[PDB]
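Asker: Quick one: the structure is below, questions incoming.
Protein chains: 2
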Amino acid sequence: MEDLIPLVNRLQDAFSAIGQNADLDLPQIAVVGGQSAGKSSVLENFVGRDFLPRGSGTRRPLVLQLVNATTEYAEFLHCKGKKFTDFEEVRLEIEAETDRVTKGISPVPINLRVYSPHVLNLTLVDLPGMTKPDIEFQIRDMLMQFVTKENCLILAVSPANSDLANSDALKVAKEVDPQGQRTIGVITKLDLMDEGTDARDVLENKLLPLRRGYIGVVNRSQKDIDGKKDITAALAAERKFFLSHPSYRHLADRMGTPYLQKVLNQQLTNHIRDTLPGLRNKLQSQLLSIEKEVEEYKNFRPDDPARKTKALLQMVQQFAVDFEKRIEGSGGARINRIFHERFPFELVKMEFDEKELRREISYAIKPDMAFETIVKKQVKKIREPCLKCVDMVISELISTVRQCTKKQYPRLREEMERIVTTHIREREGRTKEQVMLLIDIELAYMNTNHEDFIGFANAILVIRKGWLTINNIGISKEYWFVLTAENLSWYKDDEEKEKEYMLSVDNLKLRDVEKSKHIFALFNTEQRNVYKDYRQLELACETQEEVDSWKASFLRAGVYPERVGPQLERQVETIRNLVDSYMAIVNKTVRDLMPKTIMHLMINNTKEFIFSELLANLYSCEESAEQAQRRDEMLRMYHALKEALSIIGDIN
Amino acid sequence: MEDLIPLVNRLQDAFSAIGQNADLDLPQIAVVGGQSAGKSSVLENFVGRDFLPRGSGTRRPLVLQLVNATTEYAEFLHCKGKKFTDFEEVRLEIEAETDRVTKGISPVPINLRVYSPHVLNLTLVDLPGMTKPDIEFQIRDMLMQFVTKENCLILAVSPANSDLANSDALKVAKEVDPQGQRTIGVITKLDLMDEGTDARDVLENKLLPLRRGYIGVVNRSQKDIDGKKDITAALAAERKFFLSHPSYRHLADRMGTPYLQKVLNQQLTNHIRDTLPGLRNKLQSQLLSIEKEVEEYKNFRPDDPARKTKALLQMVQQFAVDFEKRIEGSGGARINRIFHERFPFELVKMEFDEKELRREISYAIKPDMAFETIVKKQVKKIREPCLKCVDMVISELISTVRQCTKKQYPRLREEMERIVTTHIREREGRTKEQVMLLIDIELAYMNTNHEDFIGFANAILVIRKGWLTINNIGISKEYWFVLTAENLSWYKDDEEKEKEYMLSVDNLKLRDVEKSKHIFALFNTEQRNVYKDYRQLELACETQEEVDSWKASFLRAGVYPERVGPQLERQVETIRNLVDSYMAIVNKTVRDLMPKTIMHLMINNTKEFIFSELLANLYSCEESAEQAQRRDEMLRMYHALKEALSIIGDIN
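Residue numbers (the entry's author numbering), protein chains in the order written: chain A, 6 to 62, 65 to 109, 113 to 142, 150 to 346, 357 to 393, 405 to 445, 448 to 499, 518 to 533, 538 to 577, 582 to 631, 653 to 708, 716 to 746; chain A', 6 to 62, 65 to 109, 113 to 142, 150 to 346, 357 to 393, 405 to 445, 448 to 499, 518 to 533, 538 to 577, 582 to 631, 653 to 708, 716 to 746. A prime marks a further copy of an entry chain.
Printed below as a string of structure tokens:
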């Protein structure tokens with residue numbers, strides 16, 4: 006159809022206008038240059054004028072458009088201006104255009123066209139030929162880009178002068194077109210081959226044939242009085258060379274520029290007719306995919322404040338629900364609870380027994407007054423554990439906002457981080473101050489009419523999993543330990559499908575060993595052996611934290627750490664009961680009161696604040719530059735692609 | 006002894022100088038005037054010159072001192088100046104002196123003396139005679162003052178003219194001297210009695226005799242050419258009247274001015290000799306009693322700052338120990364504890380059960407969310423009970439300082457009250473603010489990993523005594543109830559020695575009745595009868611406070627107040664356990680945490696403050719006018735009394 010070839014030209018010109026043209030699935034001829042070639046002569050001959058850059062140069068993907076005319080001349084798309092009448096100017100222009108967008115390559119197409127009553131109607135797409150190599154590698158990926166397309170035909174150009182078993186043209190062609198679905202194949206410089214190198218078989222198409230087939234041509238090196246080559250001498254010479262050759266006189270009808278021109282035409286046309294429909298579909302599909310992002314744009318215009326207000330309503334309001342949310346969902360939900368119900372370990376840790384406790388009794392002696411000295415100094419030691427807890431909350435919390443501050449804008453996310461992240465720092469002080477008071481309270485009264493007794497009265519929940527290298531089996539690899547609040551067990555693979563053993567949490571106690583690895587062990591209070599024939603189970607971990615975290619996640623399982631167990656014997660006899668009674672109750676309080684406090688201040692202060700005072704603060708006081723490029727690319731893709739199909743017509 | 010009579014004169018003159026002279030135990034003649042008299046003539050005759058105020062007038068206690076001389080004249084103590092030579096001037100002076108210190115009386119003595127070769131050596135103390150009566154009553158108390166003294170002799174002067182069975186002189190004398198230890202008795206105006214009224218027996222001393230005896234005299238009304246009476250005509254007339262009388266001619270040696278003068282002399286002298294020793298002792302004793310107050314004065318001089326510094330060290334430093342002291346000793360020691368361990372009642376009171384509790388469950392329905411609604415609203419109701427407690431502490435505390443702010449100075453005590461009393465007002469705010477926070481904390485978290493269970497888990519100390527009118531026995539008086547934390551019993555008299563009954567605190571519950583008397587009762591949960599045959603024991607009290615206080619002092623004894631006791656039955660089934668579990672623990676906290684808090688703030692704030700910041704505040708920013723009078727009286731008593739004994743000599 007006379008409108009088939011001319012049609013695809015409109016696409017390229019329009020799409021090429023914005024340069025994203027490898028990507029569009031477009032039916033076109035993909036000239037591939039291999040080795041010495043030269044592919045360019047094969048082009049300059051179709052017109053009868055040498056315009057392509059002289060020498061190897065093979066510049067950038069260049070879209071050549073041979074549109075049959077009555078007069079010889081050409082004009083590029085960038086100028087949109089003059090019509091070149093001096094083909095020598097083209098060369099000068101093309102080369103200039105190249106360096107502007109670049113030794114340098116670029117997939118951006120030139121998209122040139124040429125009106126001439128000499129050139130047969132064809133559009134030839136020319137790509138940089140092979141060489142002989151970083152440049153080369155760089156080169157090849159883009160070439161792969163083009164041939165790889167479903168609907169791109171490669172006119173693999175191979176010089177007969179050399180071995181064809183290894184031709185840059187066909188070689189690369191076999192990669193993207195193992196058959197002859199698109200590859201055609203051209204044979205140049207028969208004259209180069211040595212007195213005997215002639216190989217008709219290949220034009221015969223053997224070793225190996227393309228569905229498209231092979232064609233032969235010879236570029237006359239003859240020069241006119243002018244520098245530019247003359248058409249007849251070259252043309253007539255072809256029909257001469259062939260007809261005056263034994264193994265080619267019978268192929269001459271099919272050998273030469275004249276045939277190749279005709280071939281490429283009715284071959285490129287038989288392509289557009291079958292494929293155009295696929296294009297319509299594959300083109301209309303990539304359109305909606307864009308409209309699915311334009312609907313997100315809301316108003317397709319810049320810029321409206323109403324949109325900013327909507328952002329404030331959603332950008333800064335969903336973040337409110339994004340929080341209670343994150344808090345209650357390890358995630359912040361239990362990373363959080365953990366610290367409240369693991370905290371009691373920090374207490375036990377920063378507390379004492381045995382002789383340290385006993386020495387204090389001796390100091391008190393040298405009963406009620408003694409009790410005050412003991413506790414008033416013990417409760418004083420609760421500051422250490424308490425203060426640490428507060429800080430622990432901030433960590434998992436201050437970083438929590440960040441776990442949902444990415445879900448884009450550089451101005452807004454950073455602002456949100458500064459406004460919230462700092463607020464907690466202001467309150468970490470407030471709360472920490474409230475903590476001291478609560479403690480100082482104890483050193484003030486310590487009633488005994490409490491539930492405690494008066495002096496002289498006597499006398518399936520899986521706690522945590524993880525790996526933990528066992529220790530010193532001498533015959538020592540780690541295992542997937544999954545201690546629960548009911549029974550500890552360690553398996554082999556995180557799969558947990560090969561249970562190694564199961565120790566009864568009952569009658570177990572944890573004690574540190576030595577103290582450059584952080585090692586701790588577990589021993590049974592009843593059975594001389596913990597597990598198997600081992601006196602104690604020694605578990606090693608990488609850092610002190612892992613230990614602290616594990617032991618904390620152990621007491622909650624019932625595995626307390628292990629504490630050894653004149654008339655001074657009767658004296659401390661009662662005292663022992665005293666310290667225990669009160670300390671026991673005072674502990675129950677804090678382990679409950681501390682968590683409660685924070686929730687009011689750290690949590691509620693923040694929750695409340697971020698809920699409404701945040702937006703107000705934002706009122707009181716974008717790109718995505720990278721993303722902005724896409725929208726410009728997006729905004730341009732639409733305006734371009736619409737013309738693509740608005741021109742294709744409708745099922746022709 | 007010639008120095009006996011003249012001695013006591015020096016005392017009076019010196020002591021009289023400062024007027025406190027009824028009080029000093031001094032040997033002297035106490036002239037008492039009764040009825041018509043006139044006692045004064047009896048005085049003017051001893052000298053032979055009428056100087057005493059003319060007429061009845065009998066002015067003020069007047070100390071007359073008849074010191075034998077060679078020339079006639081006199082001089083008072085106030086003037087210290089001229090020697091009166093014109094006896095008419097005395098009268099003018101005496102009367103003037105009287106009005107200055109007064113119709114008006116005053117125990118302040120005049121202390122007059124008179125040198126004359128006519129007057130026999132005597133010192134006569136003259137007091138206002140009786141009249142015929151508010152003035153009179155007023156008069157008598159001062160007279161009693163004088164006669165009452167151990168060593169004061171009353172020359173009861175009775176006019177024979179009238180009945181002696183009723184004589185103001187002797188009558189009043191019999192009151193302070195039932196015998197004749199000091200009363201002497203003089204008889205004047207024999208001539209007044211009717212032709213037969215003569216009564217020798219009494220001079221005979223019968224009806225009745227004084228150890229001292231009686232004496233008779235008659236005042237000549239005769240007038241010289243001058244107004245003043247003449248001596249011979251009067252004197253000679255006496256020896257005449259008597260010697261020329263049957264029942265008196267034999268008494269004439271003992272009748273008349275001449276004898277009375279002699280009598281009074283050697284009678285007043287025989288007094289001073291025996292008594293002076295007693296005076297020395299009774300005078301030296303009242304001296305040291307003064308020195309026991311001068312040693313308290315420290316430096317006997319005004320004024321030194323060092324003393325003020327010492328006051329600051331002790332006046333404002335002992336008050337520090339005066340406090341911990343008062344706090345731990357009803358007194359502040361338990362008035363205090365009481366409020367901390369009775370407070371839990373206020374909670375129970377300002378809390379609810381039955382349908383009020385049930386209605387809330389229905390609102391929650393229309405489980406975890408319901409639990410929050412219940413508690414978050416229940417803990418909210420704890421503000422009421424809590425706030426009241428704080429105020430209760432202030433009362434017993436703010437008034438405590440006053441319980442030891444009296445132990448004198450007007451400037452200092454008031455300053456102390458203002459400085460401390462106000463400080464608490466400043467802190468009652470601070471603490472009250474700390475209370476709200478603690479509560480608001482609860483409405484923030486309410487962990488359930490506490491010791492409570494998860495949802496769906498199920499499905518001799520004498521507390522106080524006092525009176526209390528029982529109610530409506532119909533046959538209703540009060541009894542001395544002495545409920546303990548082991549057994550309640552009511553007795554009859556605060557003596558507690560007639561126990562009426564003894565109810566087992568076990569199985570008892572208190573419920574209010576009706577609700582213009584505040585009545586409440588007690589009923590046994592097991593036995594249909596509380597005590598005796600009564601269904602319930604009804605105790606009435608005067609004010610709501612007594613009730614609130616009693617019920618509070620009852621729960622602590624185990625006698626709680628009494629609380630009645653579609654598939655909604657299974658729904659609230661679990662909820663019931665929920666509310667109870669958490670509420671139970673949250674209560675244990677406050678009943679302990681509230682007391683602890685205050686001790687830190689109210690108590691320790693104050694204890695600390697008053698201990699050191701008080702004195703500093705005092706630095707940063716007396717009489718006892720009444721007391722000042724005593725010191726002036728004290729300072730003068732010494733300077734006077736010292737001369738008293740420094741003159742008496744030593745055991746003469």
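For every residue, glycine included, the Cβ atom is placed at its ideal position computed from N, Cα and C.
With distances taken Cα to Cα, identify the nearest neighbour of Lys191 (chain A') among A':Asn178, A':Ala173, A':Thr205 and A':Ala177.
Answerer: For the purposes of this step, residue 191 (chain A') is taken as the residue at position 174 of the second sequence. The shortest C-alpha separation from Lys191 (chain A') is found at A':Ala173.
Asker: For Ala484 (chain A), which residues in chain A' fall below 9 Å Cβ to Cβ?
Answerer: Residue 484 (chain A) sits at position 444 when you count from the first residue of the first sequence. Here the neighbours are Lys683, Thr684, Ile685, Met686, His687, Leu688, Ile690 and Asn691.
Asker: Hey, does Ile362 (chain A) have any beta-carbon neighbour from chain A' nearer than 8 Å?
Answerer: Here residue 362 (chain A) refers to the residue found at position 335 of the first sequence. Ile362 (chain A) does not count as touching chain A'.
Asker: Opposite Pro627 (chain A) in the DSSP bridges: which residues?
Answerer: Counting from 1 along the first sequence, the entry for residue 627 (chain A) is found at position 561. Note: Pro627 (chain A) sits in a beta bridge opposite A:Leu572.
Asker: For residue 581 (chain A'), count neighbouring C-beta atoms within 10 Å of its own C-beta (all shown protein chains included) and say buried if the count is 16 or more, exposed if not.
Answerer: The gap in chain A' between 577 and 582 takes in residue 581 (chain A'), so it carries no coordinates here.
Asker: Does any CB atom of chain A' fall closer than 8 Å to the CB of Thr676 (chain A)?
Answerer: Translated into positions along the first sequence, residue 676 (chain A) becomes position 589. Cβ-Cβ to chain A' under 8 Å: yes for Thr676 (chain A).
Asker: Can you give me the start and stop residues for the alpha helix (DSSP H) that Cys442 (chain A) sits inside?
Answerer: Against the first sequence, residue 442 (chain A) aligns to sequence position 404. Taken as a continuous stretch (DSSP letters only), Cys442 (chain A) belongs to no alpha helix (DSSP H), as it is neither H nor E.
Asker: Please give me, in chain order, every unbroken run of the alpha helix (DSSP H) with length at least 4 that falls completely inside the stretch 184–262 of chain A.
Answerer: Segments of the alpha helix (DSSP H) lying fully in the stretch 184–262 of chain A: 185–193, 217–220 and 248–260.
Asker: On the criterion of 16 or more Cβ atoms from any shown chain inside 10 Å, does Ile171 (chain A) qualify as buried, or is it exposed?
Answerer: Locating residue 171 (chain A) in the first sequence gives position 154, counting from the first residue. When all chains shown are included, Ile171 (chain A) counts as buried.
Asker: State whether the stretch 24–40 of chain A contacts the stretch 135–142 of chain A, with contact taken as three or more CB pairs (one from each stretch) at a distance under 8 Å.
Answerer: Contact holds: three or more Cβ-Cβ distances are below 8 Å.
Asker: Which residues, in chain order, does the stretch 654–679 of chain A' contribute to contact with chain A at a C-beta distance below 9 Å?
Answerer: Cβ contacts with chain A: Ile672, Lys675, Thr676, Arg678 and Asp679.
Asker: If the criterion is Cβ atoms closer than 8 Å, does the pair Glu491 (chain A') and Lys675 (chain A) meet it?
Answerer: As a working mapping, residue 491 (chain A') is identified with position 451 in the second sequence. As a working mapping, residue 675 (chain A) is identified with position 588 in the first sequence. Going by C-beta atoms, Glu491 (chain A') is nearer than 8 Å to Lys675 (chain A).
Asker: Would a check of beta-carbon distances place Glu576 (chain A') closer than 8 Å to chain A?
Answerer: By one-based count along the second sequence, residue 576 (chain A') stands at place 514. Judged by the 8 Å Cβ criterion, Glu576 (chain A') is not in contact with chain A.
Asker: The beta strand (DSSP E) with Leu73 (chain A) in it runs from where to where?
Answerer: Counted from its first residue, the first sequence places residue 73 (chain A) at position 66. Element bounds for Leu73 (chain A): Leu69 to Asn75.
Asker: Identify, in the order they occur along the chain, each residue of the same chain with its Cβ nearer than 7 Å to the Cβ of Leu665 (chain A), setting aside the five sequence neighbours on each side.
Answerer: As a first step, residue 665 (chain A) is located in the first sequence; it is residue number 578 there, counting from the start. Hits under 7 Å: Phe409 and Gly495.
Asker: Excluding the 5 residues preceding and the 5 following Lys246 (chain A) in the sequence, name in chain order all residues of the same chain whose CB lies nearer than 6 Å to its CB.
Answerer: Working through the first sequence from its first residue, we reach residue 246 (chain A) at position 229. Counting only Cβ-Cβ distances below 6 Å, and skipping sequence neighbours, we find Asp55.
Asker: Can you list, in chain order, the stretches of the beta strand (DSSP E) that have 3 or more residues and sit fully within the stretch 595–619 of chain A?
Answerer: Those beta strand (DSSP E) runs which fall completely within the stretch 595–619 of chain A and span 3+ residues are 603–607.
Asker: Please report the distance separating the alpha-carbon of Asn121 (chain A') from that of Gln25 (chain A').
Answerer: Here residue 121 (chain A') corresponds to residue number 111 of the second sequence, with the count starting at 1. Here residue 25 (chain A') corresponds to residue number 20 of the second sequence, with the count starting at 1. C-alpha separation (whole angstroms): 12 Å.
Asker: Could you tell me if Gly114 (chain A) is buried or exposed, where buried requires 16 or more neighbouring beta carbons within 10 angstroms of its beta carbon?
Answerer: The sequence position of residue 114 (chain A) within the first sequence is 104, counting from 1. That one is exposed.
Asker: Is it the case that the Cβ atoms of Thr286 (chain A) and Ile10 (chain A) are separated by a distance below 8 Å?
Answerer: As a working mapping, residue 286 (chain A) is identified with position 269 in the first sequence. As a working mapping, residue 10 (chain A) is identified with position 5 in the first sequence. Contact flag set, yes.
Asker: Does the CB of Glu368 (chain A) have a neighbour CB from chain A' at under 8 Å?
Answerer: Along the first sequence, read from residue 1 onward, the residue named residue 368 (chain A) stands at position 341. So, interface residue.
Asker: For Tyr390 (chain A') and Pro653 (chain A'), I'd like the C-alpha separation in whole angstroms.
Answerer: Taking the second sequence and counting its residues from 1, the one referred to as residue 390 (chain A') is at position 363. Taking the second sequence and counting its residues from 1, the one referred to as residue 653 (chain A') is at position 566. One C-alpha to the other measures close to 15 Å.
Asker: Of the residues A:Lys188, A:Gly469 and A:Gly233, which one's Cα is nearest the Cα of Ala177 (chain A)?
Answerer: Sequence index remark: in the first sequence, residue 177 (chain A) carries index 160 (1-based). The shortest C-alpha separation from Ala177 (chain A) is found at A:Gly233.
Asker: Taking 8 Å as the threshold (C-beta atoms), are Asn168 (chain A') and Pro32 (chain A') in contact?
Answerer: Locating residue 32 (chain A') in the second sequence gives position 27, counting from the first residue. Locating residue 168 (chain A') in the second sequence gives position 151, counting from the first residue. Yes; because the gap between Cβ atoms is below 8 Å, this pair is in contact.
Asker: For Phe317 (chain A'), is the classification buried or exposed, using 16 other Cβ atoms within 10 angstroms of its Cβ as the cut-off for buried?
Answerer: Mapped onto the second sequence, residue 317 (chain A') falls at position 300. Under this definition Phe317 (chain A') is an exposed residue.
Asker: Since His367 (chain A) is in the alpha helix (DSSP H), which residue starts that stretch and which ends it?
Answerer: If you number the first sequence from 1, residue 367 (chain A) lands on position 340. Run containing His367 (chain A): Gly359 to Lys376, per the alpha helix (DSSP H) assignment.
Asker: Determine the chain A residues that contact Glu491 (chain A') at a beta-carbon separation under 8 Å, and present them in chain order.
Answerer: Position 451 of the second sequence holds residue 491 (chain A'). Ordered by position in chain A, the residues that pass the 8 Å Cβ test against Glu491 (chain A') are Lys675.
Asker: With a threshold of 8 Å between beta carbons, is residue 750 (chain A') in contact with chain A?
Answerer: It is not possible to answer for residue 750 (chain A'), since the shown part of chain A' is limited to 6 through 746.
Asker: Mind listing the chain A' neighbours of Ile481 (chain A)? Cutoff is C-beta to C-beta under 7 Å, in chain order.
Answerer: By 1-based counting over the first sequence, the position of residue 481 (chain A) is 441. The contacting residues are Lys683, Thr684 and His687.
Asker: Whose C-beta lies closer than 6 Å to the C-beta of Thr105 (chain A') among residues of the same chain, with five residues either side of it excluded?
Answerer: Start at 1 with the first residue of the second sequence, and residue 105 (chain A') comes out as number 98. Excluding positions up to five away in sequence, the list reads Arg66 and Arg67.
Asker: Can you find at least 3 beta carbon pairs, one from the stretch 416–428 of chain A and one from the stretch 366–385 of chain A, that sit closer than 8 Å?
Answerer: At 8 Å Cβ cutoff, the stretches touch.
Asker: Grouping DSSP H, G and I as helix and E and B as strand, with all else coil, what is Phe379 (chain A')?
Answerer: As a working mapping, residue 379 (chain A') is identified with position 352 in the second sequence. The answer is coil: DSSP assigns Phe379 (chain A') none of H, G, I, E or B.
Asker: When burial is assigned at 16 or more other CB atoms within 10 Å of the CB, is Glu255 (chain A) buried or exposed?
Answerer: As a position in the first sequence, residue 255 (chain A) is number 238, starting the count at 1. So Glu255 (chain A) counts as buried.
Asker: When the cut-off is 8 Å and only beta carbons count, does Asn487 (chain A') lie next to chain A?
Answerer: The residue labelled residue 487 (chain A') in the question sits at position 447 within the second sequence. It does: the Cβ of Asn487 (chain A') has a partner Cβ on chain A nearer than 8 Å.
Asker: Given a cut-off of 8 Å, decide if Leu572 (chain A') and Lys617 (chain A') are closer than it, judged by their beta-carbon atoms.
Answerer: Residue 617 (chain A') sits at position 551 when you count from the first residue of the second sequence. Residue 572 (chain A') sits at position 510 when you count from the first residue of the second sequence. Their beta carbons are under 8 Å apart, which means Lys617 (chain A') touches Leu572 (chain A') by this criterion.
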